[PDB]
Amino acid sequence: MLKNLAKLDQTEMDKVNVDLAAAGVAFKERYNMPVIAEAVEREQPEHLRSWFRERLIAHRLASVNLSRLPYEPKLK
C-alpha cells in the first residue's frame, strides 16, 4: 500500500543487478579491452547460478544485436 519496501526489495534488485553483470560478459566481443569472464561469473551468487546462465543467452542476443538503443537524440 504505502511502505513499498517489498518493491525495492534487496532481493528484487539483486536479481536485476546480476543481469547487468551478465551483459558485461557480453563485452567479451570488445575483449580488445579488459573483460574477465571469471570475475563476472564469480560475482554472481552461485545460489542463482542458473539465472546467470539463462540471462547470458538474453545478453548474447543483446550483444549481437549491437543496437541496444544507445544515446541518440530523438525527443518530442
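Residues numbered from 1 in each chain as written, not as in the entry; some residues may be left out. Heavy atoms only, no water.

- In terms of determination method, the entry is listed under solution NMR.

What about the nonpolar core?
- Listed in full, the 6 residues of the largest apolar core are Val18, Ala22, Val25, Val40, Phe52 and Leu56.
- Considering each element in turn, this core owes the most residues, 3 residues, to helix α2 (residues 10-26).
- Ignoring anything within four residues of it in the chain, the contact list for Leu56 reads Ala22 and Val25. (Core = buried A, V, L, I, M, F, W, Y, C linked by side-chain atoms within 4.5 Å. Buried < 20%, exposed > 50% of the residue type's maximum accessible area, 1.4 Å probe, protein only. Helix = DSSP H or I, 4+ residues; strand = E, 2+ residues; numbered from the N terminus. Contact = heavy atoms within 4.5 Å.)

Examining the pattern of salt bridges
- Applying the stated criterion to the full structure yields 3 salt bridges.
- Here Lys74 ties to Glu72 by a salt bridge, and the two come within 4.0 Å at their closest N and O atoms.
- Its relative accessible area of 68% is what places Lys74 among the exposed residues. (Salt bridge = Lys/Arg side-chain N within 4 Å of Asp/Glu carboxyl O.)

Points about α2
- Relative to the 24 Å expected for 17 residues at 1.5 Å per residue, α2 spans 25 Å between its end C-alpha atoms, a close match to the ideal helical length.
- Inspection of α2 places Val18, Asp19, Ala22, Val25 and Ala26 among the buried residues, and these make up the whole buried set. Around the axis of α2, the buried residues are gathered within 110 degrees of arc, so they sit on the same side. With respect to the buried face of α2, the exposed residues turned more than 90 degrees away are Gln10, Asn17 and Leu20.
- Each element contacted by the buried residues of α2 is listed here: α3 (37-43) and α4 (49-65). (Expected span 1.5 Å × (residues − 1). Arc of directions from axis to C-beta.)

Some thoughts on the environment of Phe27
- Tracing the backbone shows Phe27 in the loop between α2 and α3.
- In contact with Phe27, other than residues within four places in its own chain, are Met33 and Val35.

A word on the side chain of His59
- One can find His59 in helix α4.
- A relative accessible area of 14% means that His59 is categorised as buried.

Focus on the environment of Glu43
- Turning to its location among the elements, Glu43 is positioned in helix α3.
- Taking relative accessible area as the criterion, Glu43 reaches 51% and is therefore assigned exposed.
- A polar contact of 2.7 Å, which involves the side chain of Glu43, links it to the side chain of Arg42. (Polar contact = N/O pair within 3.5 Å; in protein donor to acceptor, adjacent residues only side chain to side chain.)

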